[PDB]
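Some notes on the structure that comes next.
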Amino acid sequence: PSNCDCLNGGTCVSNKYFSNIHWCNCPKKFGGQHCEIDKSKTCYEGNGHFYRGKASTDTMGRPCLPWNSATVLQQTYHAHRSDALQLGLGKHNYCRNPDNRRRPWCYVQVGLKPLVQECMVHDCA
Amino acid sequence: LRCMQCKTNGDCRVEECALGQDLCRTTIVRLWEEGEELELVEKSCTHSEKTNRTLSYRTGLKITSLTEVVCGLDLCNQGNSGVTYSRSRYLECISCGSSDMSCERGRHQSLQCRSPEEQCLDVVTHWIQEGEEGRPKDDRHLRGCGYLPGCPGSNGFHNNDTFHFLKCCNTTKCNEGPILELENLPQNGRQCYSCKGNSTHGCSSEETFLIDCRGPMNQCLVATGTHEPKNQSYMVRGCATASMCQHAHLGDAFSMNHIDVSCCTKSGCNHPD
Amino acid sequence: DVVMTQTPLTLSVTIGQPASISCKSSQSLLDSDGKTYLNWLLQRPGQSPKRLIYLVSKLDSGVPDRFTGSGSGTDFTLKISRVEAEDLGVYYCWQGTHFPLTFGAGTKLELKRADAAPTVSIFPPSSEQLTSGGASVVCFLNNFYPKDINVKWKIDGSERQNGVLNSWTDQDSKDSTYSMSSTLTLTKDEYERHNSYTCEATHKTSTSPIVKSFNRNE
Amino acid sequence: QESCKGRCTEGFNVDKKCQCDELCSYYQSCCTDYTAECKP
Amino acid sequence: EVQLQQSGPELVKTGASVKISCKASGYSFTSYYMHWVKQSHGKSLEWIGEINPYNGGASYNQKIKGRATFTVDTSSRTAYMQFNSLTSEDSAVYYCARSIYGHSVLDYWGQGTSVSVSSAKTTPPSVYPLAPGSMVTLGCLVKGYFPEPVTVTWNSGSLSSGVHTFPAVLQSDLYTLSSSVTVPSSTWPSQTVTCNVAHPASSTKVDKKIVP
Ligand SMILES: *[C@@H]1O[C@H](CO)[C@@H](O[C@@H]2O[C@H](CO)[C@@H](O)[C@H](O)[C@H]2NC(C)=O)[C@H](O)[C@H]1NC(C)=O
Ligand SMILES: *[C@@H]1O[C@H](CO)[C@@H](O)[C@H](O)[C@H]1NC(C)=O
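Protein sequences appear in the order of chains A, U, L, B and H. Counting from 1, position 9 in the first sequence corresponds to residue 16 in the authors' numbering; the numbering is continuous, with no gaps. Sequence positions in the second sequence follow the authors' numbering and run 1 to 82, 85 to 275. Sequence positions in the third sequence follow the authors' numbering and run 1 to 27, 27A to 27E, 28 to 213. Counting from 1, position 4 in the fourth sequence corresponds to residue 5 in the authors' numbering; the numbering is continuous, with no gaps. Sequence positions in the fifth sequence follow the authors' numbering and run 1 to 52, 52A, 53 to 82, 82A to 82C, 83 to 100, 100A to 100B, 101 to 127, 134 to 212.
Pasting the structure below:
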């Protein structure tokens, strides 16, 4: 038996007196509506398929347009998808990696057209 | 007649506001823990019966502001809702929940309302065991600041398998004290009929049986309309209060569409007849 | 105590035929709840009575539409188009709208059918009744419609109206035609006073009265 | 004069621009400096 | 299945007292108001009362004269009627039913109740094997017995359809009745015929073979 979307022991809890809408009561180490992201990790696991978690940034230092953003939803992975939660993509501009690249990353507005740019983050080397 | 449709993530697209609901409702949840803090959108269409509502609950060091709003005007919900939104601090109340078993363990805390008409309430939800997955995820109990529909005063419903309830009032600290357990309540003296399920085999002349109503619900109630994911031909039976008869506050809780309630004075007026 | 008065009190119907009874109440029959309990309950013979209607319309589970309930106020109406053999039985209307409850009369129902001949036997008193001293001869008439029949005992050419115990039978479910059992209840001394007991009566299927007899040595 | 730096707790006070209590933000009533002074 | 089953029949010395059960399965018993109906004159119909398992109410019809006692057992899923000082008019059929709840107005009934009272104490009968001296019929004469009840069946009730009995006759303080069934001229005296007849008033059973 399974339900709602919530993760990591995150116990979904909804309510009657409004639209039976659902939101997850997460454990500390987690946060983001569905508990899709962890505010802890300094560094990421090799290839960082995985490091969700904040630190929106790049090697040169600029932002990470939030996947939630317009100029992403034109783009390749962005957060209205089917799979979203499974990518880490919430309303947040923090970095991610669902392409299996070098390291994690973000979409860095530069010039005009949004780009990929290697995101700043440490590794566990 | 039309409206807007936004997910929680908020894909922002539209609907015809279907038909049976003329109402565009915007729906919002506000979570706050320690300094940091968090929030949520659902814009969709909702049945006529619905009215605006707040209810902020406190689980301990984290607090939950729920709330919802309606307009029927073709196309309201995009953009905002309705420089500090909580201007001031209005009437005091106690709040706690069964999220952590907060209302259950004596942890009741002081939580100021985020607005002046927002009041004190004990609101109560029990289930038997399992309706669907182990049943809806609403707290077995909740208490704190809000405004629920037709809340002024008290209301709710009950019978063998299900207990819903609502308390509220404009007095400081009014909800405080113990936890409404039902079995705690008194004997209203009414004799009634309880049942769940389809024309038959859910509700039929068999499973039906006489139950003693407890508390302020001396009214014998019954209801119908479509239910969760479109299995219609569905009804409910049990003692309750005036509340559930006028409008439906039943229609919010049990989650059903364009239902109709009726009720009967002397006990046992309950039967399918 | 309200009055429950039904009409017609006497009604036979023919199959596929209309049946409308009508019930009446002294005052209204409408409780402070704004509903009306007036009802229809039938007793189908040789069984136990059962609820046909309640609420002046609303029909019980295994009840077919052929019935239709009606009326309001001091007056009421019951209706059936297709009348059948089930409907053979007794017909009662009662209101649960005052204590004490009230019961209509008992309007009784038949099904009119064709004519047929009563199949007759007549018997000797068993020895065993002749040991104790009583002597009783039967005249059966079995399954005859209509139910109009007139019993006659005739002794050795000299007729007798004395000591005649009859009993009817209810229009049955099946044949729809009635049954009859006459009995002639009498002494020992007497019985040996005669020989040829000729028995006869009247139905509508033969202008000529059908008869049967026997005698004292046979 | 908001400047919550005072005592950072007596408890919240209905006469003021901004109350320095833990609760403020939750009404977004927090004073510019709170997190600064209090919660160090 | 809604199930109502009363006591069977009872004889009673006038002015004295009787106790007649009512049974049920087919619901949560506690869940319905029970009745009783006088069917008197084999015809006229009259309300006895109501009573109601949970709250324990009891109705008595004004005219009752409270000769009547409803009553219950919860463990038994059973209604009673204790019904003291008795009479000639009394004698009738007594049924019971459900409301329910409150609101009078019944639905399902039980078979009924066989109840009558008089002076002359139980008299078992003598039966007279009436038989002759293309089809054929069988005379069975129950006579001299009193009081009720009494019934009969053929060859241990084998023969059913088209078989005919007549209503216990009565006079001079005894019942005398008539019973018959028909069969082919090929059907007898082939396989011997016993009408079976019984008398609860007297507690004894009997078998009468047809005797051509
Ligand atoms: C109607 O009530 C019945 C329960 O008696 C439900 O129908 C059965 O439901 C199960 C699904 O779990 C099916 O596998 C069976 O085939 C159904 N049986 C029959 C006889 O139809 C059903 O949940 C209810 N339907 C509605 C509209 O609520
Ligand atoms: C408080 O309750 C009193 C009861 O007398 C009532 O007058 C008033 O409407 C309530 N105040 C508010 C605004 O809730």
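Here a beta-carbon is modelled for each residue, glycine too, at the ideal position from N, C-alpha and C.
Output yes if chain A places a C-beta closer than 8 Å to the C-beta of residue 11(U); else output no.
On the second sequence, position 11 is the one that residue 11(U) refers to. Under the 8 Å criterion on CB atoms, residue 11(U) is classed as interfacial with respect to chain A.
Straight-line Cα distance separating residue 162(H) from residue 227(U):
Within the second sequence, numbered from 1, the residue matching residue 227(U) stands at position 225. Within the fifth sequence, numbered from 1, the residue matching residue 162(H) stands at position 162. Between the C-alpha atoms of residue 227(U) and residue 162(H) there is a straight-line separation of about 53 Å.
Does the beta-carbon distance from residue 14(H) to residue 84(H) come in below 8 Å?
As a working mapping, residue 14(H) is identified with position 14 in the fifth sequence. As a working mapping, residue 84(H) is identified with position 88 in the fifth sequence. Contact: yes.
Tell me which residues of the region 125 to 139 of chain U have at least one Cβ-Cβ distance to chain A shorter than 8 Å, keeping chain order.
Correct list: 125, 127, 135, 136, 138, 139.
Under a three-way DSSP split, which group does residue 63(H) fall into?
Position 64 of the fifth sequence, counting from 1, holds the residue named residue 63(H). Looking at residue 63(H) - three-state DSSP - the assignment turns out to be helix.
For residue 28(H), return the contacting residues in chain U, with the cut-off set at a CB-CB distance below 7 Å.
Taking the first residue of the fifth sequence as 1, we reach residue 28(H) at position 28. Within chain U, the residues near residue 28(H) are 211, 212.
Starting from the C-beta of residue 116(A), find all residues in its chain whose C-beta is less than 8 Å away, skip the five residues before and the five after it, and write them out in chain order.
On the first sequence, residue 116(A) is found 109 positions in, with the first residue counted as 1. Contacts found: 69, 70, 72, 78, 122.
Measuring CA to CA, which of 141(L), 189(L), 27E(L) is closest to residue 113(L)?
Against the third sequence, residue 113(L) aligns to sequence position 118. Of 141(L), 189(L), 27E(L), the smallest CA-CA separation from residue 113(L) is found for 141(L).
Segment contact flag, the region 90 to 99 of chain U with the region 15 to 32 of chain U, C-beta cutoff 8 Å, min 3 pairs
Taking 8 Å as the limit for Cβ pairs, the verdict is that the region 15 to 32 of chain U does not touch the region 90 to 99 of chain U.
Who pairs with residue 4(U) in a beta bridge, going by DSSP?
Stepping through the second sequence from its first residue, residue 4(U) is reached at position 4. In the DSSP output, where bridge partners are listed per residue, residue 4(U) has 14(U).
Pull up the CB-CB distance for residue 67(H) and residue 82(H), whole angstroms please, since I reckon it's below 8 Å.
For this step, residue 67(H) is matched to residue 68 along the fifth sequence. For this step, residue 82(H) is matched to residue 83 along the fifth sequence. Between residue 82(H) and residue 67(H) the Cβ distance is about 5 Å, and since that is below 8 Å, they are a contact.
By the 10 Å Cβ neighbour count, where 16 or more other Cβ atoms means buried, how is residue 28(L) classified, buried or exposed?
For the purposes of this step, residue 28(L) is taken as residue 33 along the third sequence, with counting starting at 1. Result: exposed.
Output, in sequence order along the chain, the residues in the region 30 to 48 of chain U whose CB is closer than 9 Å to any CB in chain A.
Taking 9 Å as the Cβ-Cβ cut-off against chain A, the residues of the region 30 to 48 of chain U that qualify are 31, 33, 36, 38, 39, 40, 42, 44, 46.
Below 8 Å on the Cβ atoms is my contact criterion, and I expect residue 161(U) with residue 271(U) to pass it. Report the Cβ-Cβ distance as a whole number of Å.
Indexing the second sequence from 1 puts residue 161(U) at position 159. Indexing the second sequence from 1 puts residue 271(U) at position 269. Rounded, the Cβ-Cβ distance is 14 Å, inconsistent with contact.
Residue 23(B) to residue 35(U) span [Cα, whole Å]
Residue numbering aside, residue 23(B) sits at position 22 when the fourth sequence is read from its first letter. Residue numbering aside, residue 35(U) sits at position 35 when the second sequence is read from its first letter. Spanning the two alpha carbons is a distance of roughly 8 Å.
At 8 Å on the CB atoms, spell out the chain H contacts of residue 213(L), in chain order.
For the purposes of this step, residue 213(L) is identified with residue 218 of the third sequence, where counting begins at 1. Within chain H, the residues near residue 213(L) are 127.
Can you tell me whether residue 57(A) is helix, strand or coil according to DSSP?
Position 50 of the first sequence, counted from the first residue, corresponds to residue 57(A). Residue state, collapsed to three classes: coil.
Go ahead and label residue 207(L) buried or exposed: buried means 16 or more other beta carbons lie within 10 angstroms of its beta carbon, across all protein chains shown.
Locating residue 207(L) in the third sequence gives position 212, counting from the first residue. It counts as exposed.
Using a cut-off of 9 Å between C-beta atoms, extract the partners of residue 255(U) located in chain A.
Locating residue 255(U) in the second sequence gives position 253, counting from the first residue. Correct list: 23, 24.
Cβ pair residue 90(A), residue 110(A) closer than 8 Å:
One-based indexing of the first sequence puts residue 90(A) at position 83. One-based indexing of the first sequence puts residue 110(A) at position 103. Going by C-beta atoms, residue 90(A) is not nearer than 8 Å to residue 110(A).
Give a yes or no on contact between the region 23 to 38 of chain B and the region 171 to 191 of chain L, applying the rule of three or more CB pairs nearer than 8 Å.
Counting Cβ pairs under 8 Å, fewer than three are found: no touch.
At a Cβ cut of 7 Å, what residues of the region 156 to 183 of chain L count as close to chain U, listed as they run along the chain?
From the region 156 to 183 of chain L, no residue has a Cβ closer than 7 Å to chain U.
Using Cβ-Cβ distances below 8 Å, what residues of the region 81 to 103 of chain A are close to chain U?
Cβ proximity to chain U below 8 Å picks out 86, 87, 91, 97, 98 from the region 81 to 103 of chain A.
So what does DSSP say about residue 6(L), is it helix, strand or coil?
Within the third sequence, numbered from 1, the residue matching residue 6(L) stands at position 6. Assigned with DSSP and collapsed to three states, residue 6(L) falls in strand.
Are the C-beta atoms of residue 147(U) and some chain L residue less than 8 Å apart?
For the purposes of this step, residue 147(U) is identified with residue 145 of the second sequence, where counting begins at 1. For residue 147(U), the answer is no, since every Cβ of chain L falls outside 8 Å of its Cβ.
Three CB pairs or more closer than 8 Å across the region 126 to 137 of chain L and the region 45 to 60 of chain L
Flag = no, the region 126 to 137 of chain L and the region 45 to 60 of chain L do not touch.
Any C-beta of chain H under 8 Å from that of residue 39(L):
The residue you call residue 39(L) lines up with position 44 of the third sequence. Cβ-Cβ to chain H under 8 Å: no for residue 39(L).
Burial state of residue 59(U), where buried means 16 or more other Cβ atoms lie within 10 Å
By one-based count along the second sequence, residue 59(U) stands at place 59. That one is buried.
For residue 149(U), which residues in the same chain have their Cβ closer than 7 Å to its Cβ, ignoring the five residues on either side in sequence?
As a first step, residue 149(U) is located in the second sequence; it is residue number 147 there, counting from the start. Excluding residues within five positions, the ones whose Cβ falls inside 7 Å are 53, 54, 119, 120, 121.
Count the other C-beta atoms from every protein chain shown that fall within 10 angstroms of the C-beta of residue 208(H), then say buried if there are 16 or more, exposed otherwise.
Taking the first residue of the fifth sequence as position 1, residue 208(H) is located at position 208. Flag for residue 208(H) reads buried.
Any non-hydrogen atom of ligand 2 closer than 7 Å to residue 177(U) Cβ
Translated into positions along the second sequence, residue 177(U) becomes position 175. Using a cutoff of 7 Å, the CB of residue 177(U) does not count as near ligand 2, since none of the ligand's heavy atoms is closer than that.
Are there three or more Cβ pairs, one per stretch, closer than 8 Å when the region 149 to 163 of chain H is compared with the region 196 to 211 of chain H?
Verdict: yes, contact present.
Report buried or exposed for residue 201(L), applying the criterion of at least 16 other Cβ atoms within 10 angstroms of its Cβ.
Residue mapping note: residue 201(L) aligns to position 206 of the third sequence, counting from 1. Under this definition residue 201(L) is an exposed residue.
Whose CA, out of 25(L), 95(L), 179(L), lies closest to the CA of residue 68(L)?
For this step, residue 68(L) is matched to residue 73 along the third sequence. When 25(L), 95(L), 179(L) are compared, the shortest CA-CA separation from residue 68(L) is found for 25(L).
Within 10 Å of its beta-carbon, does residue 105(L) have 16 or more other beta-carbons around it, so buried, or fewer, so exposed?
Within the third sequence, numbered from 1, the residue matching residue 105(L) stands at position 110. Answer is buried; the Cβ neighbour count reaches 16.
Mind pulling the chain L residues with CB within less than 8 Å of residue 266(U)?
Indexing the second sequence from 1 puts residue 266(U) at position 264. Within 8 Å Cβ-Cβ: 28.
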